[PDB]
There are 4 protein chains.
Amino acid sequence: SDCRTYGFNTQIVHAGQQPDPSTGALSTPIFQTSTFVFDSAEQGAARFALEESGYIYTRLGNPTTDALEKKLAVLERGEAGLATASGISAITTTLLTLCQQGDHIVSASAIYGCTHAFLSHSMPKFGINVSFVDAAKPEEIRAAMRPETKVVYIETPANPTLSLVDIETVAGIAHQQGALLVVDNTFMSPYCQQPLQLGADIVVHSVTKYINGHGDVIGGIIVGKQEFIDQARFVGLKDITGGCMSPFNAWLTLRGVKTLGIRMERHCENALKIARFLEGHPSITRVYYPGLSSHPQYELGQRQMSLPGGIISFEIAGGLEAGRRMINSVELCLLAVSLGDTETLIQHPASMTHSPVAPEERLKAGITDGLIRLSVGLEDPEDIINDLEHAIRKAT
Amino acid sequence: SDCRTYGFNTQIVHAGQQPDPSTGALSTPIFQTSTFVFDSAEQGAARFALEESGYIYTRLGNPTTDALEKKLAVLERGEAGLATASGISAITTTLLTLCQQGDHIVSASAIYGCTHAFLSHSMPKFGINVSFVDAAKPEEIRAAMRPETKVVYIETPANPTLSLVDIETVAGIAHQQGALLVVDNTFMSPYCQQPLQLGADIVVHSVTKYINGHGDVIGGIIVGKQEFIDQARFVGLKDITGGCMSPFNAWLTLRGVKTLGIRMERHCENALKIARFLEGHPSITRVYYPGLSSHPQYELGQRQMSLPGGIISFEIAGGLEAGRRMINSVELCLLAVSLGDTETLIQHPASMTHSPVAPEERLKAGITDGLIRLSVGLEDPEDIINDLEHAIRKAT
Amino acid sequence: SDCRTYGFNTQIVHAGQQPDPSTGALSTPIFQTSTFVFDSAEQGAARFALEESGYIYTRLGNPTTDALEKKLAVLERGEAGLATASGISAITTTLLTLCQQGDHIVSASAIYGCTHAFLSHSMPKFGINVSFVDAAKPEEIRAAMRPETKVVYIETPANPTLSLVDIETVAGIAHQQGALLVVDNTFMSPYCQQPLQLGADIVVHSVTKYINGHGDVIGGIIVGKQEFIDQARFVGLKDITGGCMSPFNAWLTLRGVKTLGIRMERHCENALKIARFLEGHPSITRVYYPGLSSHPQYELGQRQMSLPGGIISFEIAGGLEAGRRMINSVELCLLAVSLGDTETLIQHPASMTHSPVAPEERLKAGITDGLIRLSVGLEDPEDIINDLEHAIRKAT
Amino acid sequence: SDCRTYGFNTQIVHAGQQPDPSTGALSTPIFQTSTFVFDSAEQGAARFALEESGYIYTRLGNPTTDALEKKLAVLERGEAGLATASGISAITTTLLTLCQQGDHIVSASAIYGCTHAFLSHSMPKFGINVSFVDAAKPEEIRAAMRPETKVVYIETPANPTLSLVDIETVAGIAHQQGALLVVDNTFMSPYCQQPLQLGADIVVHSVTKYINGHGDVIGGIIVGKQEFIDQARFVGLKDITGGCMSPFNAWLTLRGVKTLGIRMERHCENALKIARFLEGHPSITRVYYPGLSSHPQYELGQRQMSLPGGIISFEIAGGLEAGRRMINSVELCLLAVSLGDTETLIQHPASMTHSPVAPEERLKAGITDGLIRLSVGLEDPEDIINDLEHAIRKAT
Ligand SMILES: CCSC[C@H](N)C(=O)O
Ligand SMILES: CCSC[C@H](N)C(=O)O
Ligand SMILES: CCSC[C@H](N)C(=O)O
Ligand SMILES: CCSC[C@H](N)C(=O)O
């Protein structure tokens, strides 16, 4: 039949994949090769002319990575996919393909840190200017638009406090002003949010997080229209970033994504229980989780997201020292800085990653001294709750 | 002892590597992980402050990839190494780290095609201008230098006719005018040429070719001073290209490079025999190989290169149709477009990769209708010669 | 804390694993090595004398495989684990370690085919006799016991019709007569059945099935008391079968088992819906599934198994030709002979694997002409049901 | 053309391999799968009936492993190959396929230790008796033959003192008495010795050593006539040992064997230089190396082996304590117990692996207190010699 006609779980398992034609091998073979052999000069010419289908060289394309790209295109309801060496490379390959000297980008301020560094420091040095706004307020996006604006860039949910951005509304604004909307969908995965269905033009992911899910792959993916993806591939990736994904990494990501549906369900079921526990704890001042009704954009979240996600942020009583004591007291949660793994990961930005940053600067950035970020894993929630409860009691 | 004190073969095997400290495992473990766990908040802070040694996240660094980077730094006699997703990413991470809007690059014209595309089309769109010159003529390099010139960029030997560039002389010119010399050393490998020893500031490789050698890895490496490499890592790679190497790819490259010395010796021994056979064949008009005394820069090659290399180009009588017939007639050599693999690879650019390009344009580019490029593998040279002889006789 | 104290899901994720001590790497490193280096002669001696902990050589032991062995030991509530090259090797390493010439085994008749071949043909040629009985009738097991009986061997659920064996009752019988009970727990996984908790002495698995779950690993595991496992390792594996597991295979199995809990839940949820659909279909004469109340040993299944499993067998109206037409008509289910993968797999033994076997022989073996076996995957059950319904209607 | 017609180096690179038919991928794809899908019931039946070519299930066969098996069959000049989980599994799968209760084996005494354990302790418990003889004396082999003798088993060169066995002569004796000759060719590799060409019926290897060469694979291979290999596969491996090789392990071995020729050349060139250095050292009482003219079977070695090998044993003055001091004093050579890796490995059996064994027993076994075994790697021989010289001077 056709990949795109089955149920979403079926697509997660099957889309982009089929038994190997030569052998019937069920697992997508790992085409861990650099080059491909032509049967004749004609055959080699035909392929270079984009006049015959087939492979040439792994930086350009690869059967294993192609399977991943097709699957993710199906899952996001986009035309085509392009795998990359990292989530960052997905973002930069995209933006460096779209923008040139003199161009402009409107970006949410509440975005991934390394993305913020690329936009704040690197882009301007190539003559590409970026205006940062509070994307939770679509009017700020509109107001920042210029004749030169090529792209509006957003994440949702966003760190550190899991605020949201109204994708459909922002897409409408961007398009009216002649710009593309690029959405980083890393936090949700296509299982929980589909930006393209809401008007976004391009979706990027760090597959390092939920899509792979097993904390053993750095990688990215870009999903969008064929004609954009072709430029991202044959110019952005081929010439500019060189950020191609290893076939083995693609194969691992294909393997990891097989369980995306059941993983997201459990991540989110666990996170809701943990979020409710934290909201009931008198030593916890705030809990940021889209699944709690007190979330400022709760109703937007319910329309836009099928599940509230596996990530929670919360503030512990007693600021910096309490936050430090707490993360130093967990026995099961692991201290680390990524998310979307099968293990529960915890971080305390003020003492761990922003310790030398000025307190008042962190505060402007939404990072309070007592803020803890939690990536909820697949353990028994009771165990995670018990660990948190133990650590919190100790810290306070 | 110290890595850097042993003989070159010993270094190839041992440099950058040692038994795993926890287990004694001899093979470098494949640290196929995305994140790393901190023992405490303090420990996590110390590492983010570049104030304690250790790992954080694989895009930033990884024990497996670190071993590769250290080995290649030793082999090129440079301070530090940085692995990348591809040779292209090694090149662009380097140049995009060094250059910004308003800057200028002087580049050899005779360079890898995708590199030429990045420099010709992509760089100018970021406000970075590039002047192309014939680098076999160091005076053209000097004449093209501007107050804005940050980098002089060269390959040697160069495609398609394996012309050379005098690294030491070019380095002297570049430095006098306040620019860095970047050398793409892919064709030679550190076993055959050491640009840093001749005054180059930075060396890049596609490890896809000889360094890995097994035609199953796309990857790159950058070698240079610590303070440049740190910027290439923490800005160029982290923020701009995102072109990090997969740990599995690093491990394969480490494994492949173990045999670099014996592989280069055999590649070059084979290529010399094949080059001599071709030079003796009345149906072959020209043979381009640094190991033949008739090579225009033969003596430069003998001073600069320890071996003449594993790559040969040659022109077959009868132009385009003869070239086509010949590559269509080989039975052992494989039709493909990479090089430095254990198998002999052959390509006929005029009919395979530049077929729709205008004849007079290809000619300006040094690609004649009858030009064949041969990457000599590890087969018995007698067999390769017999295959070529059979194919040539048929073609003519 | 201690692995064995957490909830079962927590154990699935964490047991046997921890961050790498040298680097903090979260993913268990792939120690893809053959040998291990000693710091001194003394250190090498100490380890060979089983007088110091550490590694020597991968056939004997390996840090990656050790993690897998410890995890599975925890999950089955056994003392120790031993990974093998295949489920068959787990079985034969076990039995060839326990038995010698003159010994005797009582085995269920309803067992995996290759196991039946080893017991029927290979064991007797080594002077080890085997008596086959209907293990659904514990009195047949008792009656077959001899003074020479060392082992009673069972699978449950068993192919082809998913009949059960009362583990606790059989264990009691075996022990009273001085024999060990070995249980092949492949079909259930430790998530659904724990034979050691019911009195079994040794559990074996083909991890090829549910434990790995991703259809890309052939492997086995043995779980039991330390002193038996030590003999299975240092004699059975080291000397007799040589059936060691590759570290990469262990790492993949570790990765796959991370999602065992959520996978089994979904497999079993899907299979129950599909089993009920089949039981309601007038073209289906019989449905074999422990989750259906009409199952002859339904109540035993409810006491012994936490879930009814992901495997269904059923008989289609019209015998051989109908069975053939049906499997030839599925569009989503894949025709293949393993089970426990994320994709739904289907097989029709009478036309596919036992076609040249005599009809009356297959019948004695419980394989009727119209019997279909279905391994339910993680697709949307609605899609699988629709596919089956389409195929069945066509076939009948 | 045909694999078997090219030169040996060409075969090493190409035999058993070709570009992937579906994609042209040059590297053999890693078919890391457990099962294979059939297009129809008929197609599945045809394959189970050994009536159509194709795959079924990885324990039975796999495209990646098939490539390895075909290559090694070509290199040993045998009909067919069978890959296994380890060298031990290659040996036991072979012998357990050939022998049953009541059968007899004549084996060399000077064999691999674990092999000796299997033959001494395990085989007799299955009713298969083994007589050990000094295979350097073919008359002892003849004298030990019985009507029940099915197999004569030898290694050459043999540990610990690299004595030889005359393969052709022993084959003649074995065949006259109606037995098969099985030769463990691990030490030589097919590049240096071809037992089948000298009359042996079956060759086994631990590919863990030189064939893979990179110290990161445990594996074995069996090479022989098709009808024996078919039994070894479909009975020995399928039913008895279950010792199948992982596809990833096969792929690594394929990759490693690409450089077998150039590796053996360098191993042997290095070992000869080191052997000569040791023979000239007044602190070294004996040097065992087939390349030294004083070797007792020197001329046999020159007829039977194309190169003298990469392994050296030698006795240091001062017995046990000197041997201990010496291995504790090396700085470059690595203390470990395998061989055939790219790194130089050293071991001192009397203090490291046989320390608790009785002195007079070790002596009977040819292991003197001062005996050191050296696996020469690919480092600069000058460096290895310098390391040895330093360590020896210190030890004495
Ligand atoms: C600089 C490390 S950022 C680590 C991870 N990507 C995260 O989601 O926080
Ligand atoms: C666009 C493919 S270029 C292939 C290979 N890098 C070469 O050296 O020619
Ligand atoms: C001989 C292939 S058996 C395939 C698979 N092990 C099964 O469960 O049926
Ligand atoms: C019991 C370890 S034996 C290690 C290696 N196989 C050797 O050749 O000695």
Side-chain angles (χ1 to χ4, degrees), chain A residues 34-36 47-48 56-61 86-88 112-115 117 159-160 186-187 206 208-210 215 218 234 238-239 311 336-341 345 347 349 352-353 373 375, chain B residues 34-36 44 47-48 56-61 86-88 112-115 117 159-160 186-187 206 208-210 215 218 234 238-239 311 336-341 345 347 349 352-353 373 375, chain C residues 34-36 44 47-48 56-61 234 238-239, chain D residues 86-88 112-115 117 159-160 186-187 206 208-210 215 218 311 336-341 345 347 349 352-353 373 375:
Chain A
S34 58
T35 209
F36 293 77
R47 289 193 188 159
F48 267 87
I56 296 174
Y57 188 72
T58 290
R59 169 157 46 80
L60 304 187
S86 64
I88 291 293
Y112 182 64
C114 299
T115 306
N159 274 343
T186 301
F187 267 37
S206 167
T208 306
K209 320 306 171 58
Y210 290 111
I218 299 297
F234 290 117
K238 189 180 84 67
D239 298 344
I311 305 302
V337 291
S338 179
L339 60 95
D341 296 1
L345 307 179
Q347 62 154 4
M352 284 174 32
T353 72
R373 192 188 82 183
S375 179
Chain B
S34 58
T35 209
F36 293 77
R47 289 193 188 159
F48 267 87
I56 296 174
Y57 188 72
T58 290
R59 169 157 46 80
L60 304 187
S86 64
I88 291 293
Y112 182 64
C114 299
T115 306
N159 274 343
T186 301
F187 267 37
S206 167
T208 306
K209 320 306 171 58
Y210 290 111
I218 299 297
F234 290 117
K238 189 180 84 67
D239 298 344
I311 305 302
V337 291
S338 179
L339 60 95
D341 296 1
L345 307 179
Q347 62 154 4
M352 284 174 32
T353 72
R373 192 188 82 183
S375 179
Chain C
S34 58
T35 209
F36 293 77
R47 289 193 188 159
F48 267 87
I56 296 174
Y57 188 72
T58 290
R59 169 157 46 80
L60 304 187
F234 290 117
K238 189 180 84 67
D239 298 344
Chain D
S86 64
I88 291 293
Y112 182 64
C114 299
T115 306
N159 274 343
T186 301
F187 267 37
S206 167
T208 306
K209 320 306 171 58
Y210 290 111
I218 299 297
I311 305 302
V337 291
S338 179
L339 60 95
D341 296 1
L345 307 179
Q347 62 154 4
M352 284 174 32
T353 72
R373 192 188 82 183
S375 179

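Throughout, protein chains are lettered first and strands after them, A, B, ... in sequence-line order, and every chain is numbered starting at 1. When a ligand or atom number is given, it counts from 1 through the structure's own listing order.
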Discussion item. Using the rule given for side chain to side chain contact (heavy atoms under 4.5 Å, CB included), can you reason through A:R373 versus A:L339, listing the C-alpha separation, both sets of side-chain angles and the distance that settles it, and then say yes or no?
Written reply: CA-CA 10 Å; A:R373 192 188 82 183; A:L339 60 95; 3.6 Å; yes

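- Distance check, rounded to the nearest 0.5 Å: OG1 of B:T208 to CD1 of B:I218 gives 4.0 Å.
- Neither the backbone nor the side chain of B:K238 has a heavy atom within less than 4.0 Å of ligand 1.
- At under 3.5 Å, a nitrogen or oxygen of B:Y57, whether backbone or side chain, sits near a nitrogen or oxygen of ligand 1.
- Annotation for ligand 2: atoms under 4.0 Å from non-hydrogen atoms of B:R373 are 7 (C), 8 (O), 9 (O).
- A donor-acceptor pair under 3.5 Å links the side-chain atoms of B:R59 to the main chain of B:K238, judged by distance alone.
- Side-chain atoms of B:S338 do not come within 3.5 Å of backbone N or O of A:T35 as any donor-acceptor pair.
- The nearest protein atom to atom 2 (C) of ligand 2, hydrogens excluded, is given as B:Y112 OH, 3.9 Å; this is a heavy-atom distance.
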Discussion item. Pair A:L60, A:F48 - check side chain to side chain contact (heavy atoms under 4.5 Å, CB included), show working.
Written reply: CA-CA 11 Å; A:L60 304 187; A:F48 267 87; 5.5 Å; no

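- Listed by number with element, the atoms of ligand 2 under 4.0 angstrom from any heavy atom of B:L339 are 8 (O).
- If you number the atoms of ligand 2 from 1 as listed, the ones under 4.0 Å from a heavy atom of B:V337 come out as 4 (C), 5 (C), 7 (C), 8 (O), 9 (O).
- The closest approach between B:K209 and ligand 2 falls below 4.0 Å for a heavy atom of the residue.
- A donor-acceptor pair is defined here as one N or O able to donate and one able to accept, closer than 3.5 Å; such a pair exists between the side chain of B:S375 and the backbone of B:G340.
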